[PDB]
Every structure is written in structure tokens, then in C-alpha cells.
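A.B. asks: one piece of my complex first, more on the way:
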Amino acid sequence: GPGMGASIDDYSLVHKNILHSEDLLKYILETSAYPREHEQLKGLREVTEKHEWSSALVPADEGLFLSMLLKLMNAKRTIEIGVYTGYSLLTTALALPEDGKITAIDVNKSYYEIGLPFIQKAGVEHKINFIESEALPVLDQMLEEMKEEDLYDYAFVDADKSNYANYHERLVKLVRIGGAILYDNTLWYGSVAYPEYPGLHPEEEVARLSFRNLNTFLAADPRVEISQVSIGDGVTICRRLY
């Protein structure tokens, strides 16, 4: 993946999409997304489209959905897990109020520094505390240190696609009651629809199985209410109940 492991040329799902045609997706982006996309988000996206791992980028229509959720729930304190070049991070920082705060975690800060000039020109870098690390030790460290009024309103999870289940067990204690946890890519290009699926590289197949297990688990998890949304590559919204 982009963080470590296999090359991009080993991946086989990246050109698929969950909608029934590219024309419909293109219509959504040109009609409803790009006209509402901040100038620095446009610039960050255009640089990233030339990067080796452009396939991992959160798309522009999903970005506006993330922004809308953040504003409707009046989020102020958030955590971003899996930053890459920072498109979803810049989306979050633009949506939060002036005093919003973001904990952003990624194993590769060189990716983040690609998007940083656009984040700085947007004027919202002051909201971001970037941590270069594997996410799990940071999350475990945070659980030891966090007080009850330090809880997060919102978490966006978009990092190692086979470790979401481990992330979940921490985040249901790091996000406030009534707060939101969002898992990206829970439809995995449609490949979760079958128990067996042909021809995937091991990293892609392991992620596919991980999402099938996670999707079943989240639907049975009494600690949250859920909604799996067929936007982007599938986004599952979790709201903490207790």
C-alpha cells in the first residue's frame, strides 16, 4: 500500500467504481463537487493526481459529504487517521471553526508535506497537529492520557485497510458519546459483495476479507449506531451510543 508493502502495479481494483457508470460519477463531480471545491483543495487534488498512489485519494464528492457531516454536527475536535497528501485533512480543517483542533496521524510525513503548501495558503495549518507514526501506538497512548472532556467529536479512518478492527476498539473510547467514527473504503470496489473473489494480490485480498469481517461486526456492535453509505468507495458512519 501507500504506507508500506506492495507496489501500485500489484493492485488490481483501483480503476473500478461502485456506481453503475463513469458518466454518472463524472456528472456528480462536475455538477456538484468541483464547483463547491475550495481553490486549495483543487490544487492539492491536482498535484496528487500525478502521484504514484493517486488511487488512494478521497474523491471530491466524498470530501463535500465529510464537510457537511462535520458542520451539521458542529464538530470542533477531530482525529484524522491516514492523511496521505491531506485532501480529507484539508477538508476537515476548512470545515471546522477557527478554534477547531485536529490530531492527524500518518506513518509517512513526506506525503503530508506535498499537501502542506495548500493547507498553509488556505490559512488553517494552525488547527493541525501532525504526528508521524503508526496509528495504533498513538491511539493507545491517547487512551492512557485522555480526560473525559478531551474526547473527540469526529474520527475519519482511512489508513491501513486490514487494521480497521483494531482502530475501532480504541476509537469507541476516544470519541464522545454521540460522536462520529467514519470508516473509508468499506465497500472495497464492490469486492466485499462475495465470500470469494478472483485474482487479487494478497494485500488487496486481505483488505477485502478484513472489510467483510468489519462490516458484519459493525452491524452487530451495540456500542454504535451505523449507516453504510454508497459514496466514494463506501463510507460507514458510526455514532457512539455509550
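C.D. replies: Nice, thanks for sending it over. Numbering: from 1, shown residues only, chains lettered A, B, ... in the order given.
A.B. asks: Find the centremost residue of chain A, please.
C.D. replies: residue A:158 (3.5 Å; CA atoms, centre = their mean).
A.B. asks: correct me, but that residue touches residue A:186?
C.D. replies: No - here residue A:158 lies out of contact with residue A:186, judged by CB atoms under 8 Å, at a distance of 10.8 Å. For the C-beta atoms, the positions are set from N, CA and C on the backbone; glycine is no exception.
A.B. asks: What is the neighbour count of residue A:205?
C.D. replies: Neighbour count for residue A:205, taken as other CB atoms under 10 Å: 17.
A.B. asks: Which helix or strand contains it?
C.D. replies: Assigned by DSSP states H and E, residue A:205 falls within helix A:202-220.
A.B. asks: Can you give me the buried ones in the helix or strand following that helix?
C.D. replies: Next helix or strand after helix A:202-220 toward the C-terminus (DSSP H and E): strand A:224-229. By 16 or more other CB atoms under 10 Å, the buried positions in strand A:224-229 come out as A:224, A:226, A:228.
A.B. asks: Sheet partners, orientation included, of strand A:224-229?
C.D. replies: Looking at strand A:224-229 with DSSP bridges, its partner strands are strand A:235-240 (antiparallel).
A.B. asks: Just give me how far the strand it pairs with sits from the chain centre.
C.D. replies: 12 Å (CA atoms, centre = their mean, to the nearest Å).
A.B. asks: do stretch A:234-242 as well
C.D. replies: 13 Å.
A.B. asks: Of all the residues in it, which ones are buried?
C.D. replies: Buried, per 16+ other CB under 10 Å, within stretch A:234-242: A:234, A:235, A:236, A:237, A:238, A:239, A:240.
A.B. asks: ok, now how distant is the closest residue to the second one other than its chain neighbours from residue A:74?
C.D. replies: This means residue A:235. Nearest residue to residue A:235 in three dimensions, chain neighbours excluded: residue A:229, at 4.9 Å (CB to CB, 6 or more residues apart in numbering). For residue A:229, the distance to residue A:74 (CB to CB, to the nearest Å) stands at 20 Å.
A.B. asks: what's near enough to touch residue A:95?
C.D. replies: A:66, A:67, A:70, A:71, A:75 (CB atoms under 8 Å, 6 or more residues apart in numbering).
A.B. asks: quick one: which of those is most hemmed in?
C.D. replies: Using other CB under 10 Å as the neighbour test, these are led by residue A:70, with 24 neighbours.
A.B. asks: Isn't that residue up against residue A:78?
C.D. replies: Yes - counting by CB under 8 Å, residue A:70 touches residue A:78, with 7.3 Å between them.
A.B. asks: Find the residues that touch each one of the two.
C.D. replies: Between them, residue A:70 and residue A:78 share these contacting residues under CB under 8 Å, 6+ apart: A:92, A:96, A:154.
A.B. asks: isn't the second one right up against residue A:78?
C.D. replies: Yes - at 6.9 Å, residue A:96 and residue A:78 qualify as touching, with contact defined as CB under 8 Å.
A.B. asks: As chain B, please add this:
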Amino acid sequence: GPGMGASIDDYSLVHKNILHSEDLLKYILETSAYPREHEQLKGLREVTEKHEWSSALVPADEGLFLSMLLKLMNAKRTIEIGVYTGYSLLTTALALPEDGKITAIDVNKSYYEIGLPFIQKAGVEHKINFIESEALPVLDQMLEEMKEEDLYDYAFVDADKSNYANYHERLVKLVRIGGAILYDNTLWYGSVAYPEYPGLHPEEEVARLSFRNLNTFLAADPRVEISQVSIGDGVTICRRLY
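C.D. replies: So that you can see how it sits with the rest, here is chain B on the chains above:
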């Protein structure tokens, strides 16, 4: 569409699915939606499935997406325009607190009485003020009475497609600043993605052009922020800015 006498066999656009396969939609419904669907929503859905206009039903995955938005924004007072048998209305009523209030408007109360026994068994009928009328005169009258204490948190628009732009001009005054206005069917089975789309019923073509105009308008309307979400038949979330 749904209206006494009208036959579904005269229409081309019936079963909603903009995903790339029936199996993918079935996966979402069976994995993430039906296990989280209230027993009275299940009962309402299953009796509606035998009705002539069962294809008008808001799908179960979209329903849980509406519920999640309502809870995340802590909505308390809402309006529902286009009720049919009451699936989205019961979804709203179950998501609101015990003392929440809904203004529900539909030209055909007989449809509502199909789902009413399930609304009653769910214990939320007391939240609902059902008005049997065309929605436009009701909204105009609402502009004459209510003030900011009576502004709505949330509006779901799912009635006669050619009147959405007219509904919008009232709802941007009836919903509070920061409140949400949602429009169902804004991708109209994918047919909005092209300038021309052969093979439609005349009323379906009027709706298709209405949505192409609406989608362009909403993307340009400075009074709201938007997110068009590729769920169900397309849902456009609008958030009132001022």
C-alpha cells in the same frame, strides 16, 4: 408518479439502484441495513412492497442514512414533504426525541393510512402532524405564521419532482440557519448524467430536466452549502448558511 389511478407499468424508471450491480446493493441491505432496521419499519416496508407504487419507497440503506444525519445534528422539529406509506416519516419519528415534532404533508392521506398502524405500534404517532394537501400552499401559509422559535431543523423533500425548485425557495426561510434541507431522487436513476435520455414516460422526462436544472441551481446557490450523495436515487443535502 404515486397518485391514485396511475399505473406503474406506464413508467420506465422503477427500481432504484445506481450501484454497479444488484448483488452490491443486496450486500449493503442485508449486511448493514436490515439488521439495523426497526421492526415497525420492516413491517411498514413489507406491507408497502405489495402496493402498486412500492418502487417509490425510500430504500432501507438511505433510511438509516437519514436517521444518522438527524441524530448527529440533534434535530427536534422537522418537516416531511411527500409521505406515501410513511417509511421516511417513521424513520424520522424514531430518530427524534420523545418530544420531537414533525409536520408531514402529502396530497394522499390514504397512502399514509397504509403505514399508520406501524407508526402507531412504534409509539411515535404523537410526534406527527399530518396535513393532507399539496405542499406548496401549506409552505406559503407557514411563511405567514412561524418565527425563529418555530424554524425547522430538517426538511426532507420527496414529493412531486417538478416542484422541488419552488419548495426550495420556501424551505430556505423555514429551516433555521445551520439546518438541513434534503432532496430525494436528485440523480433520477442516472438519467440526469446526459443531456438527452430516450425511452422515458413524458412525466419522467419533465422530472429529469427539472433535476438537471435543480442540481445546477443548488450548486450555485450562495444561501446554502451542498453535498450530493450517491445513495438511493441520489440525495442532495443542503445546509442553510444565512
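A.B. asks: With chain B now part of the structure, what is the answer for the buried residues of stretch A:234-242?
C.D. replies: Using 16 or more other CB atoms under 10 Å in any protein chain shown as the test for burial, stretch A:234-242 gives A:234, A:235, A:236, A:237, A:238, A:239, A:240.
A.B. asks: Check stretch A:198-209 too.
C.D. replies: For stretch A:198-209, the neighbour count (16+ other CB under 10 Å) marks A:200, A:201, A:203, A:204, A:205, A:207, A:208, A:209 as buried.
A.B. asks: residues contacting residue A:33?
C.D. replies: Neighbour list for residue A:33: A:59, A:60, A:61, A:63, A:64, B:228 [criterion: CB atoms under 8 Å, 6 or more residues apart in numbering or on different chains].
A.B. asks: related to what we said a few turns ago, show me the two of the buried residues of stretch A:198-209 that sit farthest apart.
C.D. replies: Longest distance between any two of the buried residues of stretch A:198-209 is 12.9 Å, between A:201 and A:209; criterion CB to CB.
A.B. asks: what are the phi and psi values for the spatially closest residue to residue A:36 that is not a sequence neighbour?
C.D. replies: Here the nearest residue to residue A:36 in space, its sequence neighbours aside, is residue A:64; by CB to CB, 6 or more residues apart in numbering or on different chains that works out to 5.9 Å. Backbone torsions of residue A:64, given as degrees, to the nearest 10, read phi -60, psi -30.
A.B. asks: my guess is residue A:64 meets residue B:230, correct?
C.D. replies: No - using CB under 8 Å, residue A:64 is not in contact with residue B:230, being 11.7 Å away.
A.B. asks: Can you show me the helices along chain A?
C.D. replies: A:22-28, A:39-48, A:60-72, A:87-95, A:109-122, A:135-145, A:164-174, A:202-220 (DSSP state H).
A.B. asks: list the helices and strands the fifth one packs on?
C.D. replies: Right, helix A:109-122. Contact here means 3 or more CB pairs under 8 Å, 6 or more residues apart in numbering or on different chains; DSSP states H and E; on that basis helix A:109-122 packs against helix A:39-48, helix A:87-95, strand A:128-132.
A.B. asks: again, only using 6 Å
C.D. replies: helix A:39-48 (3 or more CB pairs under 6 Å, 6 or more residues apart in numbering or on different chains; DSSP states H and E).
A.B. asks: Chain neighbours aside, what residue packs nearest to residue A:180?
C.D. replies: residue A:154 (4.9 Å).
A.B. asks: Next, the angle from the biggest strand by length in chain A to helix B:60-72.
C.D. replies: Secondary structure of chain A per DSSP state E: the longest strand is strand A:175-184. Interaxial angle of strand A:175-184 relative to helix B:60-72 (axes from the mean of the first three to the mean of the last three CA atoms, to 10 degrees): 150 degrees.
A.B. asks: that older thread, now distance to chain B too, for the buried residues of stretch A:198-209, in CSV please.
C.D. replies: CSV is the format used below for the buried residues of stretch A:198-209 (distance: CB to the nearest CB, whole Å):
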residue, distance to chain B
A:200, 17
A:201, 21
A:203, 22
A:204, 17
A:205, 17
A:207, 16
A:208, 12
A:209, 14
